[PDB]
Protein chains: 2
Amino acid sequence: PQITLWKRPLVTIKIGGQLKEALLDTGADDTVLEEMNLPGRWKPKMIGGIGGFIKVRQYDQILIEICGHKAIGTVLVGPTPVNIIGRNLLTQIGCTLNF
Amino acid sequence: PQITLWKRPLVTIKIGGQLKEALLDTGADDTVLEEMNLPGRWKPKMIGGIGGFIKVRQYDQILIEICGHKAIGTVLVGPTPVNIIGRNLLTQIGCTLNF
Ligand SMILES: CCC(CC)CN(C[C@@H](O)[C@H](Cc1ccccc1)NC(=O)O[C@H]1CO[C@H]2OCC[C@H]21)S(=O)(=O)c1ccc([C@@H](C)O)cc1
């Protein structure tokens, strides 16, 4: 579909068998999701933006469905204020910016 | 144009007469630029990101050219890690996400 930017580009996703709302964010290299107890191996990481850094846990090869489009890639989990779908997954669903 | 997301959507902007590089950031409500000198009056403001809140200088009704498209809106200047073009200006140039 086509998503205008009058409001935040929030969409429903499915990850680890759970539905969530997430931001289609062209400004994020990789995907960051709210704290959640996913299974499997992870590695700790620090990610930075406006206001400084937060500590996250990096999971690899995580399956996320975005408006019916399936994607698989890296996901950082930590105390982010919003779920953020980054370019690593936006490319897999064929998402582009158009103007 | 149509912009794919396998690389950062960086563009050249023109503001205050000078050229700069900025990131098209659909996850940003607001446009925030690194420290610079801009003409006109400004007021203190706060903005929050992934890591917390920072103080910025809010310039209103600033003319800014984004890859040849003109916009006139609010520009925040402060300690952002990256120059980001937010939805307040992306809407002015007709940006949408498509997939
Ligand atoms: C300048 C920071 C960007 C460029 C370095 C990167 N960021 C994405 C950007 O879209 C954030 C997303 C966001 C949205 C709401 C609340 C917190 C964060 N938007 C944002 O800061 O916008 C501000 C201005 O406008 C206002 O509205 C929104 C909040 C205000 S990130 O989140 O920090 C981030 C950092 C590392 C990684 C690794 C994993 O790749 C992934 C994602």
Side-chain angles (χ1 to χ4, degrees), chain A residues 3 5 7-20 22-36 38-40 42-54 56-62 65-71 73-97, chain B residues 3-6 8-10 21-34 46-54 56 76 78-87 90 97 99:
Chain A
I3 299 175
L5 301 171
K7 56 184 176 67
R8 291 189 173 181
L10 290 174
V11 297
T12 305
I13 65 170
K14 171 162 86 142
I15 171 160
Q18 276 188 332
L19 299 193
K20 301 180 174 298
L23 208 59
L24 302 180
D25 189 354
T26 61
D29 297 343
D30 287 296
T31 293
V32 190
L33 298 179
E34 63 181 273
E35 180 60 48
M36 67 191 306
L38 291 184
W42 56 271
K43 57 180 180 177
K45 198 174 140 106
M46 294 274 284
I47 56 169
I50 285 163
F53 287 74
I54 55 166
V56 296
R57 309 192 317 278
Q58 177 177 328
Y59 295 84
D60 291 333
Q61 299 304 114
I62 301 300
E65 191 174 308
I66 305 164
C67 283
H69 297 244
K70 300 180 175 52
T74 295
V75 171
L76 299 315
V77 174
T80 176
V82 59
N83 294 320
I84 297 165
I85 308 302
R87 290 187 300 100
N88 70 312
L89 300 181
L90 294 170
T91 57
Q92 298 184 18
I93 66 174
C95 189
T96 58
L97 275 174
Chain B
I3 297 175
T4 57
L5 299 168
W6 282 281
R8 286 171 180 165
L10 296 168
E21 182 176 89
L23 179 67
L24 303 179
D25 189 351
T26 59
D29 306 341
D30 307 302
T31 296
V32 189
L33 307 179
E34 297 181 283
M46 300 290 296
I47 57 164
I50 199 172
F53 286 73
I54 61 169
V56 297
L76 311 179
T80 179
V82 175
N83 296 331
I84 52 168
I85 308 303
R87 289 186 300 100
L90 298 173
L97 293 162
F99 66 95

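Quick note on labels: first sequence line is chain A, next is B, and so on, each numbered from 1.
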Query raised in the report: Excluding sequence neighbours, so at least two apart, what forms side-chain hydrogen bond (donor to acceptor under 3.5 Å, both in side chains) with B:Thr80?
Result: none
Report task. Give the minimum heavy-atom separation between A:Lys45 and A:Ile47, together with the two atoms involved. Result -> CE-CG2, 3.9 Å
Query raised in the report: Any luck finding a side-chain donor-acceptor pair between A:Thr74 and A:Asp30 under 3.5 Å?
Result: no
Query raised in the report: Taking the six-membered ring for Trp, are A:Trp42 and A:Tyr59 parallel (under 30°), tilted (30 to 60°) or perpendicular (over 60°)?
Result: tilted
Query raised in the report: Do you know which two heavy atoms are closest between B:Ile3 and B:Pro9, and how far apart they sit?
Result: CG2-CB, 4.1 Å
Requested in this report: Kindly indicate, with the supporting measurements, whether the criterion side-chain contact (heavy atoms from CB on, under 4.5 Å) is fulfilled by A:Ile54 and A:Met46.
Outcome: CA-CA 6 Å; A:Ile54 55 166; A:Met46 294 274 284; over 6 Å; no
Report task. Show your reasoning for whether side-chain contact (heavy atoms from CB on, under 4.5 Å) applies to B:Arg8 and A:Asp29. Result -> CA-CA 7 Å; B:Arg8 286 171 180 165; A:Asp29 297 343; 2.6 Å; yes
Requested in this report: Name all residues meeting the side chain to side chain contact (heavy atoms under 4.5 Å, CB included) criterion together with A:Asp25; count only those two or more places apart in sequence or in a different chain, and write none if there are none.
Outcome: A:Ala28, A:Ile84, B:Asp25, B:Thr26
Requested in this report: For the pair B:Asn83 (side chain) and B:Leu33 (backbone), establish whether a donor and an acceptor sit closer than 3.5 Å, ignoring hydrogens and angles.
Outcome: no
**Report entry** Main-chain N/O of A:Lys43 paired with A:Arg57 side-chain donor or acceptor, under 3.5 Å
**Finding:** no
Query - Minimal non-hydrogen separation, A:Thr31 against A:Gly86, with atom names - result: OG1-N, 3.0 Å
Query - Audit row: B:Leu97, A:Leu97, side-chain contact (heavy atoms from CB on, under 4.5 Å) steps and yes/no - result: CA-CA 5 Å; B:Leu97 293 162; A:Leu97 275 174; 3.5 Å; yes
Report summary line: Correct closest heavy-atom pair for A:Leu24 and B:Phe99 would be CD1-CE2, 3.8 Å
Report summary line: Shortest non-hydrogen pair, B:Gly49 vs A:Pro81, comes out as O-CG, 4.4 Å
Report task. For side-chain contact (heavy atoms from CB on, under 4.5 Å), just list the numbers for A:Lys70 and A:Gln92, CA-CA rounded to whole Å, side-chain angles, deciding distance to a tenth of an Å, and then say yes or no. Result -> CA-CA 8 Å; A:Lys70 300 180 175 52; A:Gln92 298 184 18; over 6 Å; no
